[PDB]
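Here's the structure, in structure tokens; my notes come after.
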């Protein structure tokens, strides 16, 4: 499993007065999508990991997104996520989001590349670490 | 200090397609208001407390709210908070929210009573505790 | 259909530093649950209604909630919603939320009564209306 | 006024179980910051504009962000926003976010470039328009 799919329904509250999905919401869903990818890959919840290995998760370091089409309540999004590239202590997470309107229309809604890292609590702040080998294996 | 005031500006994203503040947002602001009350009263951040006393904060157990008027972006809210009643291991937090429209109109927007408790991590889950005497003193 | 069920997975971002679902989030899900109830009952989206009848939705006027147990990421919630009582221009929406932990534990997480109304844009602000007879029929 | 400053306090609910600001929240604040820039520049609220000109706001088309440091509750952020470049029917909005910890520490927290456009409701969906000349004037 390298490419993982996730669905998300858009609710009324997820939209602005303009009637379209309020942008920041897409980041919420990609965050979920990211996390959903490792779990679906076999990784253990951050809950275990945080005690087992001391890994608190995968904070974001950078990201690039392009929105090409609008979306609104009732529409369902399909999120496709895969690991684009592995670096030394960070990886490139790719997400392609498509919108399915009522009446089955399907348009690409957004694309985003998220650069994240495995991290742990290092005294005061968080510290990145080399991606564990069982994680690269799993993914 | 028994009655604490807090302001909050309403943003565009805080509103629904209907053009008014999306309800759940008010809970976000009251949460902040609650917390802002103890801090303004003298309590130390949960950060310290959590190590000093082991108090993780004040989870909500119950609440009752009435919305009487709408609100929208650009409007500023004034939040008034005080401790209505102290029980044995819980307290009644009262919030009165007023809206000031552009053009200086002022209407009561909402009223809410939040029943909360001081809590700590008790092994698996959170546990309530008797309100510390220096907290009753402070408030 | 008088009692409607809805599931909701809890994500990492939906939790606070304390590790439990941040309260305001439950209101987000009940909002969705409310809306999901009419749709599942047969009502048309607010989108149509807003043009057909001019109904913008069902704003909340009051609500009472009790939280009895905590919840965290990975847990799945089951939301049960029904119309408790119909008044003249408002109704009582009842929600019972249960949490299913990993390891299949099932505890009631929260209960809430939301008093809402059918509304329309009345010039400056929103106005309530008598619940349409085809809505009472449907529900 | 080309460079506009905005402050934002971080609340407890704005953080994840890991104890740091949950990422998607930064987008919420930049959205506010963006909007705050035009208003502070002289533009009229979207409310007026939407009737006066029919401009619904400035949807985002693209964006690039880099997070360099963490942030947590109690910390105050300073947001600096300016228009980097004007294109034909779109502009480049630049945001530099700095964190001020308790104890007056000051670190750059994040940087982001948001590519947005002036838009209007074009029948079914939104349409971009040439940036009005009084807006370029104002900014």
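Chain A residue numbers are taken from Swiss-Prot; in order, the displayed residues are 2-140.
Per deposition record, X-ray crystallography, 2.0 Å.
For all residues, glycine too, the Cβ spot is worked out from N, Cα and C.
Database features (Swiss-Prot):
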{"type": "ACT_SITE", "residues": "A:17", "note": "active site"}
{"type": "BINDING", "residues": "A:47, A:59, A:60, A:61, A:90", "note": "substrate binding site"}
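A map of Swiss-Prot features onto the structure.
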{"residue": "A:17", "record": "active site", "DSSP (3 states)": "coil"}
{"residue": "A:47", "record": "substrate binding site", "DSSP (3 states)": "helix"}
{"residue": "A:59", "record": "substrate binding site", "DSSP (3 states)": "coil"}
{"residue": "A:90", "record": "substrate binding site", "DSSP (3 states)": "coil"}
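The Cβ neighbour count for residue A:17 (active site), using a 10 Å radius and every protein chain shown, is 27.
Long-range Cβ neighbours of residue A:47 (substrate binding site) (same chain, at least 6 residues apart, Cβ-Cβ under 8 Å): A:36, A:56, A:57, A:58. Residue A:59 (substrate binding site) counts 23 other C-beta atoms within 10 Å of its own C-beta, drawing on all protein chains shown. Around the Cβ of residue A:90 (substrate binding site), the same chain contributes A:118, A:119, A:129, A:130, A:131, A:132, each under 8 angstroms and 6 or more positions distant in sequence. The Cβ of residue A:60 (substrate binding site) has A:117, A:118, A:120, A:127 as same-chain neighbours under 8 Å, each 6 or more residues away in sequence. Neighbour density for residue A:61 (substrate binding site): within 10 A of its CB lie 21 other CB atoms from the protein chains shown. Chain D comes within the C-beta cut-off of under 8 angstroms for the following of the binding-site residues A:59, A:61, A:90: A:61.
Between the CA atoms of the residue listed as 'active site' and residue A:61 (substrate binding site) there is a gap of 26 Å.
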